[PDB]
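With the entry's author numbering applied, the sequence shown covers 30 to 626, 689 to 1273.
By construction, the Cβ of each residue, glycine as well, lies at the ideal position given by its N, Cα and C atoms.
Down below is the structure, laid out as structure tokens.
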Amino acid sequence: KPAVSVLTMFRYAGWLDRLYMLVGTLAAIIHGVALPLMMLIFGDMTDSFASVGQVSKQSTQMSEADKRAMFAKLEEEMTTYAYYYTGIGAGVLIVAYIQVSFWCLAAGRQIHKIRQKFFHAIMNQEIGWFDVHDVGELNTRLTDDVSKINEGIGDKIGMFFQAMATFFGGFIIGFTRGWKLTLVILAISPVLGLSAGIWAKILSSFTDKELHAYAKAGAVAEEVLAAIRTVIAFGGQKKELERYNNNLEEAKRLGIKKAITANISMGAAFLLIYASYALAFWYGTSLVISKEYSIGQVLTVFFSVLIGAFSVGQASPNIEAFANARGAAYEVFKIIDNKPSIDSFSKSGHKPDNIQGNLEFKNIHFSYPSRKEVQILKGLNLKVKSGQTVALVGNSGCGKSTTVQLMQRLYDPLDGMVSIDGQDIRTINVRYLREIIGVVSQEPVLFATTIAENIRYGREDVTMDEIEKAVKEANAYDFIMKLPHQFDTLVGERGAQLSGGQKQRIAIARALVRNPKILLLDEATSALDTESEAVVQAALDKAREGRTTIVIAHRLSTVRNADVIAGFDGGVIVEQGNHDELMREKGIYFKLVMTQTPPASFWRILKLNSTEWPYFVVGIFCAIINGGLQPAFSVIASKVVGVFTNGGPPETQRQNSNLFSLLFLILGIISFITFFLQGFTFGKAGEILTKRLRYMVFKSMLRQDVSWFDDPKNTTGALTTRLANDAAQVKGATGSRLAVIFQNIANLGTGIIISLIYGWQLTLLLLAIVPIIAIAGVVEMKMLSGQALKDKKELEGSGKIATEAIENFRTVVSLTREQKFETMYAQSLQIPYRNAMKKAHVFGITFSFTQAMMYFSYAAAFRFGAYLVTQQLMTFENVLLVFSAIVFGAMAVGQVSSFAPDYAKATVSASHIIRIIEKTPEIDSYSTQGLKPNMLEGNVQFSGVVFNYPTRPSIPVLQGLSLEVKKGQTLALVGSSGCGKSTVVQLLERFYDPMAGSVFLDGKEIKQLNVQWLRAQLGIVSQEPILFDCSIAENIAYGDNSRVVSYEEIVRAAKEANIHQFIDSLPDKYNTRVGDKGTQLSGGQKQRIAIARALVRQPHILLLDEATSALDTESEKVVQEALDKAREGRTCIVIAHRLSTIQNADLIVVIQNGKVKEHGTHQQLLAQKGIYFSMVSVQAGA
Ligand SMILES: Brc1ccc(Oc2c(Br)cc(Br)cc2Br)c(Br)c1
Ligand SMILES: Brc1ccc(Oc2c(Br)cc(Br)cc2Br)c(Br)c1
């Protein structure tokens, strides 16, 4: 929404840049004007063949006499027009270079200036300007927004003025040569803009319906794949597939309805567009029979108008490129034009010599850019004598850290002044002030250069002697010399990461070369290892003594030797004096001392599509007919102008043009009929395999065991996304792109045959010219992408050192050296600059070549069409036909290179979708094999079970576990932590087979038992019961599948679960909907329902997995009262964390490191004193 003045955007264009654009926009206009003139000459060539075409057939008497006056007229005329043609081709060759080169020259020259001034403005902002802004967005604003500016002031402006030249020059020639046909062509324009307006209303309203259609099926998949362990446990895998298949059945009915309507729309709009043209051209014929226009003049206007009409659309993208570049330049120039109050690039203010370093802080009130929300300093008074070292202590707020911030004048105070020596700090030059102040911060940062270079960031003029003395004076010389490469080592985020105490020592050496008169140490010892702290502290004590120093830290070891100590309380200075005096005061300082002491040939995806042997042959044969039918429109138009040029006696012409225009409209309706078929057939054939694919995938997905659904690769969202994309992508490959790719090869094929058999060597010439200009058009794009990738790699190195400069900004500005990063960034940009200069010459050469190759191709098209061919007996009506048929059939092949990614993006989406079906699990619930025992009573035998989870085979959960529980008794399961309690329930459900050992139920190993039948005797109840969106009667009846559960049967379970108070209180009762879609209820009711579906199964084994986990107050007392009634009649395994409710259990077992540690009845484990005794004691007391 915000934008820029047009002149201010070009403020960096001067002298040559203003001339480059002037000459560039000039030749661009010359480039555009060249095309409608080329069509104007085409009218004069028609009248030359038309006057001879009328007189040659007018004879029917003399023959050798027509070999004289006619051929001489053709000789002088065709040579004149071919001479003019070769001139136009040389014209477009020059202006197209001038157009693109000059504009790319002005663009490259300016963007180089924009980028430097921008980065200069970034480093010029004061710190308070950075505290309110995001540096990451700013650097991306540097590389992205400047790119948008470059796209707007580049050769696009030349293309824009070239297009308006075609538009103006087209309608000028259109108006002058005849004001009638223009107004007739404009009259059909609202119809063409209205038919394409129905498309923007049909696409935008139907693309939501399909995204609404599958969203109902994808909602089923989401709540299923999220509750996968519940449907697996209850075996509803046939139902949840059936529901998904029922929603797929509706999505395909809405998909074929959209295929019917969208193809009716495309054919009808196409028929309205082509009938509009033919009416405007049949109207053109009606004005030649009246001798009002020439047969060649109708072409001259009908083309210059339509060329200039579409020239509007070809200019619209360049308008958006210029406007986006304007608005992109707003926030950029806003930074450049913004002037700071602090500067630091300014050359102003005093530079005192013989600075003695007497600092004082006078009534300083300050607040960080958070402003009126927080005021961290409410008044202040502090002096530090020259030579002295004052230390600042404080409980919190870190107002201690603010004084170091103000001392470098990173901010100016709200009220009050900070005075170095006697002068106010604002009277001294900012850069010189930061140069007389050395800073060592808590987190030290080293830039990605050598040690000597990071030390060289203290002062640019320095020799290895001073570097050596500096690191030796910080006792940092001993440890770097052992490091290889000596001073030439590397540091940074990338490469040679060092100890914290060593990086700080280099920072101390970096600040030591500064030879500052003032020293600021802000928690440099804090957040550092204790051993290396003394090594750095020795350097800090050796760094002072020659300077006045303010030091801030939470280490009260470094504070004793300070001449004065200062305490803060709420931004107010409270206590000050020597260490001993502050202890006698017994105040804030004394208080803190005591406190701290694979693309491949995939045919089988088409073999599954072979379910429909027809519907394809219908579409293909219908598409090939539609392919063979398009050039016949060019054949009609070739003979509408052909018989009109080859007319002779004019009486028969008027009756013939009516016949051709009628046949055209009969060919158009027969084109509509065949287009709708090839669309509907492919559409329906694509929507049905979408159901087959999503059905077989969702079927195979429910086949995999819990081992697969635990994969971090496969989550519910990533599965629903893999489910939708892969099915829609394969539909596109077999869909419209294939019906079109066969319609087009049939379009060129039926066109090349007609053209070849008509003109001998005429077509053979064009078949030598067209492929070359097509290949030359391709190689230009390859060089375009190569230069684009190269320039992206080169400015990346510049923005990389710009990223380093601005992300570590608060450090560099503290060291000044901003001019250093400016020079570094400038040297980095110099390579893309000289690159951008060559880019203009290359871009201009390639564009001019492809334009000239199109215009010279046109001259050879007629100089050969006339002369050698027309001095023979071959005719002009065919040369028009060959031109239209060949060039249109070639532009139809241009759609093959556009639908190419739709094939690869589908084959990759097909690559995954063929494997996701074929993958077979270790435990497949679909296998009908298994024993299915007849004996009812149920035991459970865990024996020597060692189990690790397949996702994390690191820490084992079960190591030699062994349990046994008889029928009808409760097996309590206590554990220190982890799923060692829960893994038992998962292995009994046989979500996994154990690594070693085995687990039995009736004495049979479940590994050889039937998987589905096994889970059919289990009443699983988990922590958070997930209930699908349906009737609570269905969530209850979900406990027993393969049979419809009676209402009184699902009532019995609801009576059993004590949920009947809700089920009768509801208005709908058992038919109420639950799942946070129709109704919402608390977890206590959700659990009771899950208990109901558990015992609707009438299992012989309950499985209660921390059922009272998320519950509270009386809700626990009523749910536990229901669970306690559910057991005592079945085999039961309860791992509930309420050991008070576990006391009345037939056997309590304590799990330890996967092994069973203690076991026995409650009082038995209470008689023993150990883990279980400690478990019951800890939470009964707490
Ligand atoms: Br000769 C000649 C060629 C194309 C003509 O109009 C067009 C044009 Br222009 C493009 C297509 Br596709 C089909 C037809 Br019909 C006319 Br009118 C005359
Ligand atoms: Br230069 C140039 C001129 C006309 C071109 O298209 C044609 C062609 Br090809 C034939 C006829 Br008749 C009219 C037009 Br307009 C092309 Br492509 C390039």
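With a minimum length of 4 residues, the unbroken runs of alpha helix (DSSP H) contained wholly in the stretch 303-384 fall at 324-366.
Taking a cut-off of 6 Å from the heavy atoms of ligand 1, the residues with a C-beta inside it are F310, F724, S725, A728, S729, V732, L971, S975, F979. Bridge partners of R1188 according to DSSP: none are assigned. Contact between the stretch 357-377 and the stretch 550-567 is not established, with fewer than three Cβ pairs separated by less than 8 Å. The beta carbons of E239 and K287 sit about 7 Å from each other, so the pair counts as a contact at 8 Å. Counting along the chain, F395 sits inside no beta strand (DSSP E), nor does DSSP assign it H or E at all. Under the criterion of beta carbons closer than 8 Å, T1222 and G1059 qualify as touching, at roughly 6 Å.
For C1223, the enclosing beta strand (DSSP E) covers residues 1222-1225. DSSP places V1065 within a strand segment (E or B) once states are collapsed to three. Under the rule that a run must span 3 or more residues, the beta strand (DSSP E) segments found entirely inside the stretch 962-1045 read 1031-1038. The DSSP-derived three-state label of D1120 is coil. Between the stretch 326-335 and the stretch 187-207, the count of C-beta pairs closer than 8 Å reaches three or more; the two stretches touch. Of the residues assessed, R613 falls on the exposed side of the cut-off, its CB having fewer than 16 other CB atoms within 10 angstroms. Distance between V1241 and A1063, taken at the CA atoms: about 9 Å. By the neighbour-count definition (other C-beta atoms within 10 Å, threshold 16), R1006 is an exposed residue.
The three-state reading of DSSP puts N410 in strand, counting E and B together. The residue from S305, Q746, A1217 with its alpha-carbon nearest to that of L223 is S305. Straight-line measurement puts the Cα of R534 at about 16 Å from the Cα of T902. Under DSSP, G606 shares a beta bridge with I594. DSSP places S448 in the strand class (E or B) of the three-state scheme.
By the Cβ-count criterion, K185 is buried, with 16 or more other Cβ atoms from all chains shown falling within 10 Å of its own Cβ. For the pair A192 and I127, the CB atoms are not nearer than the 7 Å cut-off. Per DSSP, the beta bridge partners of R1164 are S1122. Contact check between the stretch 938-951 and the stretch 825-843: fewer than three CB pairs, one atom from each, fall below 8 Å, which does not count as touching.
A Cβ-Cβ distance of about 6 Å is found for the pair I547 and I465, placing them in contact under the 8 Å criterion. Between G600 and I405, the C-beta gap is smaller than 7 Å, which places the two residues in contact. Annotated as proximal: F395 and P442, with beta-carbon spacing under 7 Å. By alpha-carbon distance to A991, the top candidate from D1196, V831, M1026 is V831. Nearest to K1248 by C-alpha distance, out of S88, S1268, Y1129, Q1050, is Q1050. Relative to ligand 2, the beta carbon of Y946 is positioned inside 6 Å of a heavy atom. With a cutoff of 6 Å, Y949 counts as near ligand 2, since its C-beta is closer than that to a heavy atom of the ligand. Within the same chain, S130, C133, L134 come within 6 Å of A931 by CB-CB distance, once the 5 residues on both sides are set aside.
Taken in chain order, the complete alpha helix (DSSP H) segments of 4 or more residues contained in the stretch 752-822 are 797-800. For the stretch 1212-1256, the continuous beta strand (DSSP E) assignments of 3+ residues that do not extend past its boundaries occur at 1222-1225, 1238-1243, 1246-1251, in sequence order. Runs of the alpha helix (DSSP H) lying entirely within the stretch 470-518, each at least 4 residues long, are 480-485, 493-502, 506-511 in chain order.
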